[PDB]
């Protein structure tokens, strides 16, 4: 399964809003007018079709297993703050958690060229 952080496990989960914040469709109608279950933000309840969020099927399965925050609610999993600069918070390509570049270990100052994954998602070494 996907590992949860201790602070995620016991947090309140917002009532989910049963329509997509991007296209205004319910689970019955994504942008292609096809059924598609929503992913919902645990902080504000805003939802999105995975297709409208531009998630792959593989990321979708993983995010559905976790306490996920929407793009606007995303807070850094290390310091727990938003901070003022949005091009500074990376989103993990394995679990979609946010981390400020400055909060990575070691800190980053430049964008990775390809995928980026957080320390939670990197496996333990032999």
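If you superpose the two forms and keep the largest set of C-alpha atoms that fall within 1.5 Å, you have the rigid core. Positions refer to the first chain, counted from 1.
For 85 to 93 versus 35 to 43, the mean Cα distance to the shown form in 6 other deposited structures of this protein after rigid core alignment is larger for 85 to 93. Stretch comparison, 21 to 29 versus 108 to 116: after rigid core superposition, larger RMS CA deviation in 6 other deposited structures of this protein is found for 108 to 116. With 108 to 116 and 20 to 28 compared on mean CA B-factor from the PDB entry, the stretch scoring higher is 108 to 116.
Higher mean CA temperature factor, per the PDB entry, when comparing 90 to 98 with 34 to 42: 34 to 42.
Ranking 79, 71, 53, 63 by Cα temperature factor from the entry places 79 first. Among all modelled residues in its chain, residue 85 ranks in the highest third by Cα B-factor.
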